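Chemist: This one is an experimental structure. Sequence first:
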There are 2 protein chains.
Amino acid sequence: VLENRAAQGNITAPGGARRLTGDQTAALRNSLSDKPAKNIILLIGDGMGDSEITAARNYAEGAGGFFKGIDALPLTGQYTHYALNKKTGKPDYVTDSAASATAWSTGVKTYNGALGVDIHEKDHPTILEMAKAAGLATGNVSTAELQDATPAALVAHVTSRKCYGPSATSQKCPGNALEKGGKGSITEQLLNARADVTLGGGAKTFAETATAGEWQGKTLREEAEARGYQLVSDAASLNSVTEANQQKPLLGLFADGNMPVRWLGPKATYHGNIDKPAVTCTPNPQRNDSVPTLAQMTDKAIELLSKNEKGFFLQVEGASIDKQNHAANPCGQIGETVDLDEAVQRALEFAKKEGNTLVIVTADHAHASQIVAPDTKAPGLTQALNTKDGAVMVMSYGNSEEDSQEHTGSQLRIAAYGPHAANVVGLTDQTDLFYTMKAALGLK
Amino acid sequence: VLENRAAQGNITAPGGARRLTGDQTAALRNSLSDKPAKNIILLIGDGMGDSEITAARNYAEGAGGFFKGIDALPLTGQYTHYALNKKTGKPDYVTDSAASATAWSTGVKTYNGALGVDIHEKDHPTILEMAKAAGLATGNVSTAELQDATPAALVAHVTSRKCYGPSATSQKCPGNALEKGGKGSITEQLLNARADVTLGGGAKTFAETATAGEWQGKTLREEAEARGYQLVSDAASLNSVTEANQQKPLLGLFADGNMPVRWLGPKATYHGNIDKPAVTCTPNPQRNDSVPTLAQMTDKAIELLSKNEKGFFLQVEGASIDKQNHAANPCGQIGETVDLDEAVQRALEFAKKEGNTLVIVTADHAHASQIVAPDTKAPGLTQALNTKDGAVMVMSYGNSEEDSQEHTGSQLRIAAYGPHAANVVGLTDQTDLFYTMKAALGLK
Ligand SMILES: [Mg+2]
Ligand SMILES: [Mg+2]
Ligand SMILES: [Zn+2]
Ligand SMILES: [Zn+2]
Ligand SMILES: [Zn+2]
Ligand SMILES: [Zn+2]
């Protein structure tokens, strides 16, 4: 259970590339605690498989480097995340964000596209809904639009992830539409969920006015206000927030759609590793100084939430790792993995200081990006990059001919630190994660 | 620690997909032993990254299934395996078998192609040479030609993995050529090394004649015998062996080149998942019942080796997972993973019964194969397969336009069982493994 995993010296010399100093047996033994967890922080890097972690590490820290947050969690294991075919109820080997998010927040497998409901479309309670009942403070932050599948799965029970607001739901999830007697669209269900801290993007859908209920005729943004929600939309305002609870809930909408990616770089191309020069990522010029970073929202959330004596549950998500992976854009993707590392460092720092906090870093499913040989002549999209090592790393994207690269089904890394983290070691399922949290928090 | 990680029951019902039956903490704390290990069995799945394990589990065992061998090692982590650029000494992100094998057996990074030497071409001892010197019995089994990089890295110090016999070394490694005062080719160095048990393929190279020294003029097979080596070429004759030591070492040559793969299936093709029907793998009609399985060689090796009270070191390799991966042949590739699983079961069973053995299952590097959606339209090679779940699974190979699929650089799974297994947890490096075995065996 070591904190420093960088290569220890000259990597060309005997034992120069070792990440271990001594024997972990004792340190590890001392990391094993099955005492209760007062708090739980779940960081999800959407689409961040082992391939994604290695590429970003090579680039940003060098092959022999180590993410001070991401790679610093002592207990590790691999976990499966297959979905189910709605009709046959047989495994669908490649899940989407909705079906996977539903498994870790609910504990039951479901079809791709479902939020908070099993394949019979029967809804089950989420871990956020349960923490809220037990008395715990709750938080949900993401760099994606709030209506998106990963954050939404924590507060919504919809049969299709496309049922963002009033209009969308009417046609795509009519049985869910408030009018037809349903609980409502994703945005309305979020507004009803009423977690203490909810931060992200997706202000666009709050411009939709409801079609029924008390706030019918009034936009969803107005409803939020007419319900006690403190609305913040930039860095300075979030910062001013002094508190958030069931009387003063916090709702941050920092973007119309998704929040802006950290780095800019070009899209991979056919033979781009052999036709075009090596690229060096650069800060995204269009990201306004006032849009909060993932680490800042995570920081602010942990603060307000830590003011609760019963404890808290917080889910943080680095959404655009996945999205940029789909876009076949190495830089945006690596930049988003770097961003998330920052959030994890903030998470861990509090954890070691608090002592009863269980922190977990993982992903919902694997993705397309592959690290390959510099001289690789691939059928898909490639790009050469200038890593921190002063060397070149080529990235490959070859599982789709469409405009979007595809998710993949390989099992991936799950890492934890804190009381009950041993339940992450070995082979487990995406559903175990749910039970691990339910048990650590004593929400049973 | 759990020896049963298959889904609990109905994967479509809450808690049904779970693999955990309880809290791992105490079971996991009781597996953490830092007492010395008397023996070590290192099983390597060549090119078996996490992706290769999942695809083989979904096919052979079902998504919710579980490899009774591969998936049963309690302590897990992920490790980096980058090679070095010979010139600059900067990291080379995608390693070849020779430089990765050299790393775990030697503890020093090296360039791709190098067996047993650092970037300066300076020779460094391997873990087998150390075990042998300490008095421990040694074994080296694999399903590839014995001169291949994985087995070779343990007994040979060559500048190019191409220097198999006398004729290729003269021209390709003249500084190693016996005639030039060099230690000799790979085969000649294997014969000198003198491990107690050596099993695999690659007999054709033994037909070459030494160009200098004590056995100059005699083919390599003759030198083998002349030096007290017992030679066995089939299942039967292997079965009838009762001992193997420094007085009568064993040498199995079961194939001219590599041993034949277990399953037959078509090669993945362009748009193979949409244009060609789903496939069910079958037994390879070319494999003789005369040819022992990796499980059989493993078992026999453990029996003969286990007669040394002082200990033994053994390395097993399911070689063709890699080779079939390059060939874009899902069936051959999965058959080789199923086969390596039988070997890990033999290893594990012995280890639980002996109690002082450290068992480690990993791979040398990641490869091409990816698990993707059945409806996927990819630029590379694809194929649909009928799994045990009665569902279709599509596998994609898309990082090369040439006739061979490339390795990839993603960190991959490393798992262990036994004394000093806690050193496999978390993030580590391939070189760390060398040090982990040295200190477990007290080979210091
Ligand atoms: Mg997401
Ligand atoms: Mg090999
Ligand atoms: Zn996702
Ligand atoms: Zn995605
Ligand atoms: Zn290999
Ligand atoms: Zn290979």
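Modeler: Received it, and whenever you're ready, just let me know what you need. Numbering: from 1, shown residues only, chains lettered A, B, ... in the order given. Ligands and ions are numbered 1, 2, ... in the order given.
Chemist: Do a quick rundown of the helices in the stretch 1-150 of chain A.
Modeler: Counting by DSSP state H, counting those that start in this stretch, the stretch 1-150 of chain A has helices at residues A:25-29, A:50-61, A:97-106, A:127-134, A:149-152.
Chemist: correction: the stretch 301-444 of chain A
Modeler: Listed in chain order (using DSSP H, counting those that start in this stretch), the helices of the stretch 301-444 of chain A are A:320-326, A:330-354, A:430-440.
Chemist: Is the shortest one positioned near ligand 3?
Modeler: Yes: on the criterion CB under 5 Å from the ion, helix A:320-326 is in touch with ligand 3 at residue A:322. (C-beta placed from N, C-alpha, C; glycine too.)
Chemist: before we move on, back to that, would you list the helices of the stretch 301-444 of chain A in CSV and tack on mean neighbour count?
Modeler: Formatted as CSV, the helices of the stretch 301-444 of chain A follow (neighbours: other CB atoms under 10 Å in any protein chain shown):
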stretch, mean neighbour count
helix A:320-326, 27
helix A:330-354, 23
helix A:430-440, 24
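Chemist: quick revisit: between the helices of the stretch 1-150 of chain A, which one is closest to residue B:8.
Modeler: Taking CB to CB, helix A:97-106 is the member of those nearest to residue B:8, at 13.8 Å.
Chemist: ok, the residue in chain A positioned nearest to chain B - contacts?
Modeler: Closest to chain B within chain A is residue A:398: 2.9 Å, counting by CB to the nearest CB. Residue A:398 makes contact with A:368, A:370, A:378-381, B:378-380, B:396, B:398-399, according to CB atoms under 8 Å, 6 or more residues apart in numbering or on different chains.
Chemist: out of the residues you listed, which touch ligand 2?
Modeler: Of the entries in these, not a single one is placed beside ligand 2 under the rule of CB under 5 Å from the ion.
Chemist: So which of those is the closest to ligand 2?
Modeler: Nearest to ligand 2 among the contacts of residue A:398, counting by CB to the ion, is residue B:399 at 19.0 Å.
Chemist: show me the contacts for the closest one.
Modeler: When contacts are counted by CB under 8 Å, 6+ apart, residue B:399 touches A:370, A:372, A:376, A:378, A:380, A:396, A:398, B:368, B:380, B:405-406, B:408.
Chemist: cool, residue A:47 as well?
Modeler: If you count contacts by CB under 8 Å, 6+ apart, residue A:47 has them with A:321-323, A:325-326, A:363-367, A:407.
Chemist: go again using 6 Å as the cut-off
Modeler: In this structure, residue A:47 makes contact with A:321-322, A:325, A:367, judged by CB atoms under 6 Å, 6 or more residues apart in numbering or on different chains.
Chemist: now, which of the contacts of residue B:399 lie within strands?
Modeler: Per DSSP state E, strands hold the following members of the contacts of residue B:399: A:370, A:372, A:396.
Chemist: was I right about the last one contacting residue A:372?
Modeler: Yes: judged on CB atoms under 6 Å, residue A:396 makes contact with residue A:372 at a distance of 4.6 Å.
Chemist: quick one: which of the two has more around it?
Modeler: Looking at residue A:396 and residue A:372 with other CB atoms under 10 Å in any protein chain shown, you find the greater number of neighbours at residue A:396, namely 31 against 24.
Chemist: And that one, how far from residue A:264?
Modeler: Separation of residue A:396 from residue A:264 (CB to CB, to the nearest Å): 21 Å.
Chemist: just to revisit the earlier point, please tell me how far the residue of chain A closest to chain B sits from residue A:378.
Modeler: Residue A:398 sits 6 Å away from residue A:378 when distances are taken as CB to CB.
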